[PDB]
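Note that we place each Cβ from the backbone using ideal geometry, even for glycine, and neighbour counts take in every protein chain shown. Here, each number is a calculation from the coordinates, and none is a lab measurement.
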Amino acid sequence: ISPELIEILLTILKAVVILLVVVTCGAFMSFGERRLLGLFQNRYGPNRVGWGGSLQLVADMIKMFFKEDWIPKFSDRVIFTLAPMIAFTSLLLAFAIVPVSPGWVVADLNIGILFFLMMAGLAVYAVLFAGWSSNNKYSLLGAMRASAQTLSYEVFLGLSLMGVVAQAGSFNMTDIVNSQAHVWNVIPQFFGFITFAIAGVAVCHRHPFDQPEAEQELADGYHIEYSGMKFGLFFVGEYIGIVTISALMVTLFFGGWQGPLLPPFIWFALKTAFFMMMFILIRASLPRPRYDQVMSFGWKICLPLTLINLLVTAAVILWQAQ
Amino acid sequence: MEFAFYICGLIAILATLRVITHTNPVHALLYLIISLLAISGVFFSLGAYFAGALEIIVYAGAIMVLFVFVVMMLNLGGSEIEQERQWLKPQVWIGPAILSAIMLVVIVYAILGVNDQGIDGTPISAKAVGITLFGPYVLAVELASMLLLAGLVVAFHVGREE
Amino acid sequence: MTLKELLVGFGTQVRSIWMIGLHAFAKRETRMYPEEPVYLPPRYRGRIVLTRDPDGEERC
Amino acid sequence: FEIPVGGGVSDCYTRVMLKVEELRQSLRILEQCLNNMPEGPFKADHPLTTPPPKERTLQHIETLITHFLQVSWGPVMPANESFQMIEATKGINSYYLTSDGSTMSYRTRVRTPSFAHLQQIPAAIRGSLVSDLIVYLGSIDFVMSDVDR
Amino acid sequence: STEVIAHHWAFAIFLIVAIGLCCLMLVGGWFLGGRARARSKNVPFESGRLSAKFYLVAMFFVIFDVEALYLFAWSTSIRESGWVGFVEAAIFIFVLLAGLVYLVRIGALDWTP
Amino acid sequence: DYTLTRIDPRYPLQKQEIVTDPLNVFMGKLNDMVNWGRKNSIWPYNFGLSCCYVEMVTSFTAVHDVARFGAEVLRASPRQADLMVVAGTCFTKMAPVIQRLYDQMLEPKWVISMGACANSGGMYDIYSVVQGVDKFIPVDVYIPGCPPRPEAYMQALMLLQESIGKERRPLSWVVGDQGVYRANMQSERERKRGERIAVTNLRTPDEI
Ligand SMILES: CCCCCCCCCCCCCCCCCC(=O)OC[C@H](COP(=O)(O)OCCN)OC(=O)CCCCCCCCCCCCCCCCC
Ligand SMILES: CCCCCCCCCCCCCCCCCCCC
Ligand code: SF4
């Protein structure tokens, strides 16, 4: 018995609780995908498996556990097993640095958002490995297109982040969430807001940038050979990435947990869930652009916008500091 | 601090040894991805936060993504690589291996005869690197941007389909 | 593209999002089978049966 | 009702707006039909009307005979050829029927516009990407049963 | 201190538990469920050389991401570097935008034929 | 009242044998919960063939909402889908493609034939139409109609749901009997004949 070991065990328990909540709300965000598309399309969605459909997700989990798991003989085994692991764990570790509440954080790193950036690099590794490992030219070309798309948006993802970095003056999440104690960062970094939103949507394989639903008719999706629990790993990773990008956005541009009256975790949950509903709206509303149009918007528009935003932010910061 | 550094160094050496002695390009590329992660773990153990963070950002995140992209370009299914495996014949590799071995012996003999009081592992934050980068190293920054420009334009001029 | 087309496109995306939300604030069109029985017209062509005479014999 | 026309270029968008305006004109035709609807017979008075009206079949004898020989053997069309093309939902659909004086069609030729559109496909999609091909396929308003039948 | 080593152990616990959870879920998916056999099961899904613009896009990303890391290093010390660092980053940004304009105007970024 | 089927490569390459029901209450509860999870999330295959597919996607929309049964994911790959709905006609050219798409699917898989074309060839007794999809693949649930109405497709979906709810499958491929057990349920004809015969009067066809 020692208070230091008690504090260490409590911090470990808090981290484990946060991780379990994140994975359970990722699966519940799969269920919320179905329910909220039903709500937005003038229907009900799944509402017969349990009360209100709340036990549907248990049925998908049971089905994809007990479906046959099959690795093709012509496919390379190790890369095939490895790619969903990366597609899950990269965005999970990208969540891992988010401060949810004061006193509730996994790692108060001195880098943070940089570690989010390198997990985005691991995500592009995941999609590249999933495409190459299938040994199929359809999935080959489809995943090459997807990987080039996510490269073309990850190039300016960090530069859109850099405006909030300049305003905060550091890389730590606590300094970012404490620099928004007076004014929320969505107002000054509005160009950073839109560019980071677009980059997060494109890098997370979400509509209107999701490749396997971009061209279902060519049968060139890189998920086409993946089945069983690998397929569920891919979707749970994508929905966990939605949760991760929403929490990153709340802790970066929307003041994080800071709120006037409600407890800070309540404000964080409300802002995150609002951005998750925003994800539903942009999935159900926005049509998908053509691939060369995506290239042109990623390079010729968003990257100079981020550069000009960083330059203007630096000029304003140094001008205000007499 | 010691444990992470030594573990990362050991798996780093093992990983690059598996890279240079592999026939599948993708397997060797994955092994050197693991090795670069190990070098960044070594960097984080030594307190160079920006260096290891940058190694996973671009060294293990951008350049070798282009490497895998080129492997995807060629679709190297083992033609004129594994059908002979000539780099595994001892009459090919034994000579250069003993060359690099005596070179390593000379280099570590030179290293082992120098002063050392240890590395305290105090972190060097990214803001200090940013201050020094745009302080007394400004010509390095601008002319390294010029170097990246030169590499960009030559790679465009050469790597074209036509 | 020019800046004018970019602002027009942003406006049209915001308009589409707003109209999808407006349909989200509407009433559900779903006919809940099997809890709600399906209304079928009298001359709907479905299951073939053989009817009977008013006297109680088979009409065929 | 009005027949819409394009500017001169057959883009996918031009065809889509043409079909939207056709839907509006079809609504106009439906309103005109609903407003002034004639009252009278729902079948012709010709003896070759197949089948005859049901109540006259059910309580008259020669009408029952006409029904008996028109639903079992089939009506005896005289030996002649006929043709009729109409504006279908996807273009111009035509039926060419040749009869040899029997109760069966000696030759039934069905011309459908999706056949011509599918043959037109390579002459317009040449020099484009694959997403333009998917958009063009979705913007033709065809079905495979129309082409093959 | 106690707090920093507690946070480090919490991060390590997060790492190992996430790794173990993903691997355990894959192990449970592979272990359970009966298996089938078929002729065309092991043939691929084909329903019964490509251009180097992908390399050009990736190499463009590599170079612009290295210049992005230069901007990353600059952004955390904007106030302490003064206006001189802002000016030097301004020639950096001008060179970057001139290069991007050059790439745009020559069809390097123009994917279409 | 059960049938044992095993596959081991004239199609299909499987044989059915009448076997009594063997069904440890722990294994029974595990089988019940596995079957519940399988039947409450059925992932169909997006396979556009003919008219009956158009009525299937008319079942797939908001005005009918087949999504309430957990059957709305509609994967475009045969690997990701559990259920194959043959909603169309089995042409001679399209028969090997249908066979290949059935082969690429994985256990557990179920087959729903939609329409008279997929049932028995239907109205097209012609040279280029295979008379029924059961000539080369096994079929679980048949639907009549040309096309069957969407609510009939949901009715067949529930029919497959209690067919799945009373069948025995191996929990793992390393322990237990690997053969697939399917219950010989009493058919809907003599089950519904108790109340179909008692129908006396219907609405006259002169009204709406
Ligand atoms: C947690 C963070 C995320 C939270 C969720 C909320 C944000 C979601 C962001 C979604 C981003 C989607 C980005 C899609 C970009 C598509 C650009 C493109 O390629 O457009 C092509 C189109 C035509 O291009 P053009 O060259 O003119 O074609 C000529 C050929 N005939 O050109 C055009 O149509 C021009 C206009 C292009 C798009 C302009 C910018 C739109 C930004 C997205 C909508 C945001 C709406 C508000 C969201 C909520 C805000 C609180
Ligand atoms: C999508 C949101 C994911 C959140 C993951 C982490 C959840 C942590 C929950 C912590 C709850 C307590 C927070 C501190 C006390 C303040 C609030 C008290 C009332 C709940
Ligand atoms: S059964 Fe009728 S509706 Fe269905 S595919 Fe055949 S012809 Fe079409």
- Query: Roughly speaking, what is the centre-to-centre gap between segment A:10-52 and segment A:245-291 when only Cα atoms are used, to the nearest Å?
  - Reply: 15
- Note on the structure: Residue-normalised 222 nm signal for chain A, counting each DSSP H run of n ≥ 4 as -39,500 (n - 2.57), nearest 500 deg cm²/dmol, is -22500 deg cm²/dmol
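Considering all projection directions equally, how large on average is the shadow of the alpha-carbon convex hull of chain B, in square nanometres?
Values: hull surface 54.1 nm².
Averaged projected hull area, Cα only: 13.5 nm².
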- Query: How big is the charge dipole of the protein assembly as shown about its Cα centre, in debye rounded to the nearest 20, if each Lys and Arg gets +1 on its Cβ and each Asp and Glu gets -1 on its Cβ?
  - Reply: 1360
- Quick one: check the C-alpha center-to-center distance for segment B:1-38 versus segment D:69-148, whole angstrom. 65
- Across segment F:58-64, in residue order, what do the Karplus-derived ³J(HN,Hα) couplings come to in whole Hz, using 6.51 cos²θ - 1.76 cosθ + 1.60 with θ = phi - 60° and x for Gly and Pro? 6, 6, 7, 8, 6, 6, 10
- Item | Long-range amide H partners of F:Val85 with built H, under 5 Å | F:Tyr45, F:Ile112
- Charge dipole (the protein assembly as shown, unit charges on Cβ, about Cα centre) - positive-most of B:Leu10, A:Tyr239, D:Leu137: D:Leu137
- Excluding residues on the same chain fewer than 8 positions from B:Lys127, give the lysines whose Cα lies under 23 Å from its Cα. none
- Task: Compare the Cα positions of A:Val165, A:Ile86, A:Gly45 along the charge dipole of segment A:44-181 (+1 at Cβ of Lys, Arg; -1 at Cβ of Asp, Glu; about the Cα centre) and return the one farthest towards the positive end.
- Result: A:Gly45
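Can you give the mean number of other chain Cβ atoms that lie within 10 Å of the Cβ atoms in peptide F:75-88? Numbers along the way, then the final one.
Values: counts 7, 10, 11, 6, 13, 13, 1, 4, 0, 0, 0, 0, 0, 2.
Shielding by partners across F:75-88 averages 5.
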- Using mean Cβ contacts within 10 Å as the protection proxy, how do A:187-196, D:39-48, D:69-78 order, highest first? A:187-196, D:69-78, D:39-48
- Task: Could you list which residues have their amide H under 5 Å from that of F:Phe91, counting only those 5 or more apart in sequence or on another chain, with H placed in the peptide plane?
- Result: F:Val130
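Across peptide A:150-161, what mean number of C-beta atoms from other chains lies inside 10 Å of a residue's C-beta?
Working: counts 2, 13, 6, 1, 6, 10, 4, 2, 7, 7, 0, 2.
Shielding by partners across A:150-161 averages 5.
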- Mean-square fluctuation maximum in Gaussian network of chain A, Cα pairs under 10 Å, restricted to A:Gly255, A:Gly228, A:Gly200, hits A:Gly228
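Taking only C-alpha pairs under 8 Å that are 6+ residues apart, what is the relative contact order of segment B:1-152 in percent?
Numbers: 104 pairs, mean separation 36.0, N = 152.
In percent, rounded to a whole number, it is 24.
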- Item | Positive-end residue of F:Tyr11, F:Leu160, F:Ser128, charge dipole of segment F:2-197 with Cβ unit charges | F:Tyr11
- chain B, helix-only ellipticity at 222 nm - DSSP H runs n ≥ 4, -39,500 (n - 2.57), divided by all residues, nearest 500: -22500 deg cm²/dmol
- Query: What ³J(HN,Hα) values, in whole Hz, does the Karplus curve 6.51 cos²θ - 1.76 cosθ + 1.60 give for segment E:26-34 when θ = phi - 60°, with x put for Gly and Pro?
  - Reply: 5, 5, x, x, 6, 6, 8, x, x
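Report, as an integer, the average count of C-beta atoms from other chains found within 10 Å of each Cβ along F:111-119. Could the numbers behind the result be given before it?
Values: counts 0, 0, 0, 0, 0, 0, 0, 0, 0.
The shielding value for this peptide is 0.
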- Message: Can you compute the FRET efficiency between D:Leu27 and A:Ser179 using 1/(1 + (r/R0)^6), with r the Cβ-Cβ distance and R0 = 41 Å? Round to the nearest 0.05.
- Response: 0.10
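Quick one: which of A:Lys137/F:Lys109; E:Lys41/F:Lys109; F:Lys109/F:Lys166; A:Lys230/F:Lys166; E:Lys41/F:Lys93; A:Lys300/E:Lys53 span more than 18 angstrom between C-alpha atoms? Could the numbers behind the result be given before it?
Numbers: A:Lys137/F:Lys109 27 Å; E:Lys41/F:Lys109 13 Å; F:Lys109/F:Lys166 15 Å; A:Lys230/F:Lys166 28 Å; E:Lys41/F:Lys93 20 Å; A:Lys300/E:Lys53 16 Å.
The pairs that break the limit, which is 18 Å between Cα atoms, are A:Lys137/F:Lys109; A:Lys230/F:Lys166; E:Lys41/F:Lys93.
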- Item | Residue order, fewest to most surrounding Cβ atoms within 10 angstrom, among D:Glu81, D:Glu22 | D:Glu81, D:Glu22
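How much of the DSSP bridge set in the protein assembly as shown is antiparallel, in percent, rounded to the nearest 5?
Numbers: 29 of 41 bridges.
Rounded to the nearest five, the antiparallel share is 70 percent.
Would you kindly calculate the translational diffusion coefficient of the protein assembly as shown, applying Stokes-Einstein with the Kirkwood radius from alpha carbon pairs, for 25 °C and a viscosity of 0.890 mPa s, and quote it in µm² s⁻¹ without decimals?
Numbers: Rh = 33.2 Å.
Here the translational diffusion coefficient equals 74 µm²/s.
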- Message: Nearest 10 degrees is fine. How inclined is helix C:3-24 to the longest principal axis of chain C, computing both from alpha carbons?
- Response: 30
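What order do you get for F:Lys109, F:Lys192 when you list them from fewest to most C-beta neighbours inside 10 Å? Each step should come with its number before you reach the end.
Values: F:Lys109 19, F:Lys192 11.
The most exposed by this proxy come first: F:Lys192, F:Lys109.
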- Task: Note down the nm distance, to one decimal, between modelled labels 7 Å out along Cα→Cβ at F:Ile7 and at C:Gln13.
- Result: 4.5
- Amide H neighbours of A:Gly256 under 5 Å, at least 5 residues apart or on other chains, H built in the peptide plane: list them. A:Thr251
- Which of the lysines could a cross-linker bridge to D:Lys19, judged by Cα under 30 Å and excluding same-chain residues fewer than eight apart? C:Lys4, C:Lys27, D:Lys90
- Query: Roughly how many Å is it from the Cα centre of segment A:125-197 to that of segment D:1-65, as a whole number?
  - Reply: 57
- Query: Taking the alpha carbon gyration tensor of segment F:2-197, what are the square roots of 5 times its eigenvalues, largest first, to the nearest whole Å?
  - Reply: 27, 20, 18
- Highest-fluctuation residue, A:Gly45, A:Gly32, A:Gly241 considered, GNM on chain A with Cα pairs under 10 Å: A:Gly45
- Per residue of segment A:98-110, in order, report the coupling 6.51 cos²θ - 1.76 cosθ + 1.60 (Karplus, θ = phi - 60°) as ³J(HN,Hα) in whole Hz, putting x for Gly and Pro. 6, x, 7, 9, x, x, 10, 8, 7, 9, 8, 6, 7
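Rank these for me by crowding, D:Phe115, A:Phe31, B:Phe50, going from fewest to most other beta carbons within 10 Å.
Working: D:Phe115 16, A:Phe31 21, B:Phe50 26.
Lowest to highest Cβ neighbour count: D:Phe115, A:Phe31, B:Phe50.
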- Query: So in segment F:2-197, what percent of DSSP beta bridges are antiparallel if you round to the nearest 5?
  - Reply: 55
- Message: Quick check on packing: order A:256-267, E:67-78 by the mean number of other C-beta atoms within 10 Å, highest mean leading.
- Response: E:67-78, A:256-267
- Task: Please get the size of the charge dipole for chain A, origin at its Cα centre, with Cβ charges of +1 on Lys and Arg and -1 on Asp and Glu, quoted in debye to the nearest 20.
- Result: 600
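Helix-derived [θ] at 222 nm for chain D: sum -39500 (n - 2.57) over DSSP H runs of at least 4, divide by residue count, nearest 500?
Working: 6 runs with 68 residues, N = 149.
It lands at -14000 deg cm²/dmol.
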